[PDB]
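Peer 1: I'd like to ask you about the structure that follows.
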Amino acid sequence: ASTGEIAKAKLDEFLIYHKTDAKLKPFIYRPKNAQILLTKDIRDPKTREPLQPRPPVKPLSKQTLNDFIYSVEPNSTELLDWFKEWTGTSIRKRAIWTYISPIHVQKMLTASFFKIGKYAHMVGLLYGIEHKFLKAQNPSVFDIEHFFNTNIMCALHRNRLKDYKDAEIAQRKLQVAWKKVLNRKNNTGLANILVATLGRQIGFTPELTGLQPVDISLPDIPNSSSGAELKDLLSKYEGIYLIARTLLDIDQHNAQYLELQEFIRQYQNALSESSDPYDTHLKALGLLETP
Amino acid sequence: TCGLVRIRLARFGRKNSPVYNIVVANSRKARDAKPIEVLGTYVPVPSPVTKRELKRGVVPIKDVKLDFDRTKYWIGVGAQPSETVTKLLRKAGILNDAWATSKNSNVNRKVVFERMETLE
Amino acid sequence: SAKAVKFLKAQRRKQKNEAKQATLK
Amino acid sequence: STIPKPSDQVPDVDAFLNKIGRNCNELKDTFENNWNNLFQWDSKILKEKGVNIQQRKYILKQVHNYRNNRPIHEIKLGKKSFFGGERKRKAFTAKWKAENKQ
RNA sequence: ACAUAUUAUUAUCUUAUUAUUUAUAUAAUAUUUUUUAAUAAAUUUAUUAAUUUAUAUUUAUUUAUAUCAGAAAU
RNA sequence: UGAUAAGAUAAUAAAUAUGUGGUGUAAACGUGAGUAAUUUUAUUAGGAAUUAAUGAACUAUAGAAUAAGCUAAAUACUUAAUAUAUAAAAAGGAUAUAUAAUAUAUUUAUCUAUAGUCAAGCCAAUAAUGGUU
Ligand SMILES: [K+]
Ligand SMILES: [K+]
Ligand SMILES: [K+]
Ligand SMILES: [Mg+2]
Ligand SMILES: [Mg+2]
Ligand SMILES: [Mg+2]
Ligand SMILES: [Mg+2]
Ligand SMILES: [Mg+2]
Ligand SMILES: [Mg+2]
Ligand SMILES: [Mg+2]
Ligand SMILES: [Mg+2]
Ligand SMILES: [Mg+2]
Ligand SMILES: [Mg+2]
Ligand SMILES: [Mg+2]
């Protein structure tokens, strides 16, 4: 019924298809074999009724998981349970281990912190399962523009919301985060700004190997106002809008950089008609803090 | 013991008075079935020494009759001795310490008499 | 039947040989 | 042979009788926590003390192991499969698959 | 006479199973092959479901022969 | 490690043989129904077709052990690669040490080839109870 409910059904059908046995796949999903399935009377696992034909499965849209991520209740384990079941698949099922994109992990980390309120257990499922992604030939998901930056951004909010000020815990956690990055391609340059802001906030001098200086290269959405092309473009650059607004709000040193404010102007004025992504998130963190 | 050709003891004699044939046999055949060859005989009961002999220093002797040449041939072609037969062959000087195991390895035990080959 | 055709083939062969014996004798 | 020395894992006879297992902790009163008795009593003495055939042989094997610095951890006796011995497994499995899963 | 039991045989009847040998499929699977939608990714390609194409491997039915056994006769 | 504890990773110590696997039951044991011999027994200094790319499983020596798929995973299975007209293969595990998963070392297994050992197939000659009512 709801967008979340529909997305979950699509995501659960996709997994059931790819977890079905290869010998039995042609007889359970090709509608021309419905009568051959009946005759064989294969018994559904769990000693249930014999298996029945299912509708053929087609490649799933990457937007399907973005809808489910933002449907999870304010305090729920549904996102943490889906990920644990999704990433428990064999590393031989390429469709399952290649569906996850860098955007999905960013949206799983930003939703968990500001909306679902289980960030700690979402950064442990990702840290714990990073090894399987490498064995499954999908290391790109752990990058600097979607995984590292989003993590440091949520840290710049938890360190404030919670007041954490230890200069040893912060550095240790920052080192682990950088060690968890498998696709180190700094492009926007916001990573260096984010790392410097963390050091000022927690009174330490960051020093990570391989984070070479990169000048800001914020993608500028054009003044042209399209429909689904600009709704996708904004949603595409939604993560870096949450990072620009965060950088300025946490520390006023980032106000020095004028590239950050141009993107705010462009991204905000691009669809200022609609609500604000940054504000919407801030509200929920308070709505979750109160509990 | 492994292999198809094994050197092992086949039991003869009467109840409570065991005597043994040293035989080369197929692993799958019965213990007392007619073997490939009978290499020798083993009498497990030591010969009793008299009171005087004991003080005199006589040690009880267990008697083994064995075809030394034929036994070496069967070891050469890969016949596998049983544990008891292995002990007998190591004492006879046919096999060496390479056939000893960790449980019976007499690495540190004094030798009172050294193996002596004579003619009689 | 296949067994009735084999029987007759053999029966004819035996009768030809029994006659052969009479022609030879 | 000679009397080995108590260790930290096996401080006394009661600890020895518990590590070896096979219900040998029920002989703690036969030995009376005397270290020397465990390492001097042979089969004939143990038989006179009421230790049954299987247990006394097992203890003597573990006493030899201890004397030679070999592990004395309990090794369990073999047990038949859950579905029974091989000769009665086909029948048992057939009657267990028609009374559990139908 | 005969009523019984047992066995054997067959130009006969019926026949499980199996082997071998026929014909057939809009049969299944894989690959190839002709196209066709849906979906997805990227900005043509992939996937899935169909259709066409041959190929191999199976399946169902079917032709013929032999065959446990039983029936009848001796 | 995870800013709160759900999980992950490694080390250590245990558990599991109601999951997938390996090896073992062509032997041994028992019996004498059938079997009078195209088949069974016994014997011979017997034989050829002039007996397989068979090792069954140990010995000696030499070499090799590759890539995918399928299963939850593998020393399971499937399809390929390379190895004596040429054909025909495989498998890792344990423990250390050094590295950034890989490499060596040790140990135990896997595959192939050659010979040996054990062990097989087939044939001949001669003999093997009673009744010709
Ligand atoms: K009997
Ligand atoms: K008989
Ligand atoms: K090895
Ligand atoms: Mg062994
Ligand atoms: Mg018929
Ligand atoms: Mg018949
Ligand atoms: Mg099992
Ligand atoms: Mg037999
Ligand atoms: Mg390999
Ligand atoms: Mg594999
Ligand atoms: Mg295999
Ligand atoms: Mg192959
Ligand atoms: Mg080849
Ligand atoms: Mg008469």
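Protein chains in written order, with the authors' numbering: chain 5, 38 to 328; chain P, 2 to 121; chain O, 34 to 58; chain 2, 29 to 130.
In this text, a Cβ means the ideal position worked out from N, Cα and C, and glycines have one as well.
1) Could you check what DSSP says for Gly-226 (chain 5) in three-state terms: helix, strand or coil?
2) Just the C-alpha distance for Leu-5 (chain P) and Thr-57 (chain 5), rounded to the nearest angstrom, thanks.
3) Could you tell me whether the Cβ atoms of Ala-228 (chain 5) and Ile-301 (chain 5) are closer together than 7 Å?
4) DSSP on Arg-237 (chain 5), reduced to helix/strand/coil?
5) For the beta strand (DSSP E) that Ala-31 (chain P) lies in, which residues bound it at each end?
6) Taking the continuous beta strand (DSSP E) assigned at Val-20 (chain P), which residues delimit it?
7) Along the chain, where does the beta strand (DSSP E) that runs through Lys-66 (chain P) open and close?
8) Mapping DSSP to helix, strand and coil, what is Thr-72 (chain P)?
9) Kindly indicate which residue of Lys-45 (chain 5), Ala-307 (chain 5), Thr-225 (chain 5), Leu-245 (chain 5) has the alpha-carbon position closest to the one of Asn-103 (chain 5).
10) For residue 341 (chain 5) and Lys-99 (chain 5), what's the separation of their Cα atoms in angstroms?
11) Hey, quick one: how far does the alpha helix (DSSP H) through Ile-8 (chain P) stretch, first residue to last?
12) Apart from the five residues on each side of it in sequence, which residues of its chain come closer than 7 Å, Cβ to Cβ, to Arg-12 (chain P)?
13) Exposed or buried, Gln-54 (chain O), counting other C-beta atoms within 10 Å across all chains shown (16 or more means buried)?
14) Is it right to say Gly-154 (chain 5) is buried, meaning 16 or more other beta carbons lie within 10 angstroms of its own, or is it exposed?
15) Can you tell me the Cα-Cα spacing of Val-232 (chain 5) and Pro-243 (chain 5), whole angstroms?
16) For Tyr-164 (chain 5), which of helix, strand or coil comes out of DSSP?
17) Less than 7 Å between the beta carbons of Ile-258 (chain 5) and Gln-303 (chain 5), yes or no?
18) Counting pairs of beta carbons, one from the segment 264-279 of chain 5 and one from the segment 140-156 of chain 5, are three or more of them closer than 8 Å?
19) Is the number of C-beta pairs between the segment 118-126 of chain 2 and the segment 55-68 of chain 2 that are closer than 8 Å three or more?
20) Beta strand (DSSP E) containing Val-91 (chain 2): first to last residue?
21) Of the residues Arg-57 (chain P), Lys-66 (chain P), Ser-83 (chain P), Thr-2 (chain P), which one's Cα is nearest the Cα of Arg-9 (chain P)?
22) Go to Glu-38 (chain P), then tell me how far its beta strand (DSSP E) extends in each direction, as first and last residue.
23) Measure the alpha-carbon distance for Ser-113 (chain 5) versus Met-159 (chain 5) and round it to whole angstroms.
24) Along the chain, where does the alpha helix (DSSP H) that runs through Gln-212 (chain 5) open and close?
25) Taking only the alpha-carbon atoms, compute the straight-line gap between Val-50 (chain P) and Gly-58 (chain P) and give it to the nearest angstrom.
26) Beta carbon of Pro-250 (chain 5), beta carbon of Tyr-274 (chain 5): below 7 Å?
27) Compute the Euclidean distance between the alpha carbons of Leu-171 (chain 5) and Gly-41 (chain 5), then round it to the nearest angstrom.
28) Just the C-alpha distance for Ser-309 (chain 5) and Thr-187 (chain 5), rounded to the nearest angstrom, thanks.
29) Determine the direct distance from the alpha carbon of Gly-323 (chain 5) to that of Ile-43 (chain 5), and round the result to whole angstroms.
30) Report the option in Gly-264 (chain 5), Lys-202 (chain 5), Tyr-164 (chain 5) whose CA atom is closest to the CA atom of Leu-219 (chain 5).
31) Tell me which same chain residues have a C-beta within less than 6 Å of the C-beta of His-318 (chain 5), skipping the five on either side of it?
32) Can you have a look at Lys-92 (chain P) and say buried or exposed, based on whether 16 or more other CB atoms are within 10 angstroms of its CB?
33) May I ask you to list the residues that DSSP assigns as paired with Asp-180 (chain 5)?
Peer 2: With the given structure in hand:
1) The residue labelled residue 226 (chain 5) in the question sits at position 189 within the first sequence. Coil, per DSSP.
2) Reading the second sequence from its first residue, position 4 is the one you call residue 5 (chain P). Reading the first sequence from its first residue, position 20 is the one you call residue 57 (chain 5). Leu-5 (chain P) and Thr-57 (chain 5): Cα-Cα distance of roughly 48 Å.
3) Within the first sequence, residue 228 (chain 5) is the residue found at index 191, counting from 1. Within the first sequence, residue 301 (chain 5) is the residue found at index 264, counting from 1. Cβ distance not < 7 Å, so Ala-228 (chain 5) and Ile-301 (chain 5) don't count as in contact.
4) Counting from one through the first sequence, the residue named residue 237 (chain 5) turns up at place 200. Helix at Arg-237 (chain 5).
5) Your numbering for residue 31 (chain P) matches position 30 in the second sequence. Segment: none, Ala-31 (chain P) is in no beta strand (DSSP E) and carries neither H nor E.
6) Along the second sequence, one-based indexing puts residue 20 (chain P) at 19. Unbroken beta strand (DSSP E) run through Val-20 (chain P): 18-27.
7) Against the second sequence, residue 66 (chain P) aligns to sequence position 65. Where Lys-66 (chain P) is concerned, the enclosing beta strand (DSSP E) stretches over 65-67.
8) The sequence position of residue 72 (chain P) within the second sequence is 71, counting from 1. Note: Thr-72 (chain P) maps to helix in three-state DSSP.
9) In the first sequence, counting from the first residue as 1, residue 103 (chain 5) sits at position 66. Of the candidates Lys-45 (chain 5), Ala-307 (chain 5), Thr-225 (chain 5), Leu-245 (chain 5), the one whose C-alpha sits nearest the C-alpha of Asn-103 (chain 5) is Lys-45 (chain 5).
10) Residue 341 (chain 5) lies beyond the range of chain 5 shown here (38 to 328); nothing can be said about it.
11) Taking the first residue of the second sequence as position 1, residue 8 (chain P) is located at position 7. Note, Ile-8 (chain P): premise wrong, no alpha helix (DSSP H); beta strand (DSSP E) at 6-15.
12) Position 11 of the second sequence, counting from 1, holds the residue named residue 12 (chain P). Same-chain partners within the cutoff: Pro-19, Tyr-21, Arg-32, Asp-33.
13) Locating residue 54 (chain O) in the third sequence gives position 21, counting from the first residue. Exposed is the call here.
14) In the first sequence, residue 154 (chain 5) corresponds to position 117, counting from 1. Note on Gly-154 (chain 5): 16 or more other CB atoms within 10 angstroms of its CB, so buried under the neighbour-count rule.
15) Start at 1 with the first residue of the first sequence, and residue 232 (chain 5) comes out as number 195. Start at 1 with the first residue of the first sequence, and residue 243 (chain 5) comes out as number 206. About 7 Å.
16) Translated into the one-based positions of the first sequence, residue 164 (chain 5) becomes position 127. The answer is helix: DSSP assigns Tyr-164 (chain 5) an H, G or I state.
17) Position 221 of the first sequence, counting from 1, holds the residue named residue 258 (chain 5). Position 266 of the first sequence, counting from 1, holds the residue named residue 303 (chain 5). A contact, by the Cβ cut-off of 7 Å.
18) yes
19) no
20) In the fourth sequence, counting from the first residue as 1, residue 91 (chain 2) sits at position 63. Note, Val-91 (chain 2): premise wrong, no beta strand (DSSP E); alpha helix (DSSP H) at 81-95.
21) The residue you call residue 9 (chain P) lines up with position 8 of the second sequence. For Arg-9 (chain P), the nearest C-alpha among the options comes from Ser-83 (chain P).
22) Within the second sequence, residue 38 (chain P) is the residue found at index 37, counting from 1. From DSSP, the beta strand (DSSP E) with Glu-38 (chain P) extends over 38-43.
23) The residue given as residue 113 (chain 5) occupies position 76 in the first sequence. The residue given as residue 159 (chain 5) occupies position 122 in the first sequence. When only Cα atoms are considered, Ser-113 (chain 5) and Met-159 (chain 5) end up about 12 Å apart.
24) As a working note, residue 212 (chain 5) is residue 175 in the first sequence. Element bounds for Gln-212 (chain 5): 206-216.
25) Numbered from 1 along the second sequence, position 49 holds the residue referred to as residue 50 (chain P). Numbered from 1 along the second sequence, position 57 holds the residue referred to as residue 58 (chain P). Each residue's Cα considered, the two are about 10 Å apart.
26) If you number the first sequence from 1, residue 250 (chain 5) lands on position 213. If you number the first sequence from 1, residue 274 (chain 5) lands on position 237. No; because the gap between Cβ atoms is not below 7 Å, this pair is not in contact.
27) Here residue 171 (chain 5) refers to the residue found at position 134 of the first sequence. Here residue 41 (chain 5) refers to the residue found at position 4 of the first sequence. One C-alpha to the other measures close to 29 Å.
28) Translated into the one-based positions of the first sequence, residue 309 (chain 5) becomes position 272. Translated into the one-based positions of the first sequence, residue 187 (chain 5) becomes position 150. Approximately 23 Å between the Cα atoms of the pair.
29) In the first sequence, counting from the first residue as 1, residue 43 (chain 5) sits at position 6. In the first sequence, counting from the first residue as 1, residue 323 (chain 5) sits at position 286. Looking at the two C-alpha atoms, the distance is approximately 29 Å.
30) Residue numbering aside, residue 219 (chain 5) sits at position 182 when the first sequence is read from its first letter. Closest option to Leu-219 (chain 5), Cα to Cα, is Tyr-164 (chain 5).
31) Mapped onto the first sequence, residue 318 (chain 5) falls at position 281. Same-chain partners within the cutoff: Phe-151.
32) Indexing the second sequence from 1 puts residue 92 (chain P) at position 91. So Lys-92 (chain P) ends up on the exposed side.
33) Looking up residue 180 (chain 5) in the first sequence gives position 143. According to DSSP, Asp-180 (chain 5) bridges with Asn-220 (chain 5).
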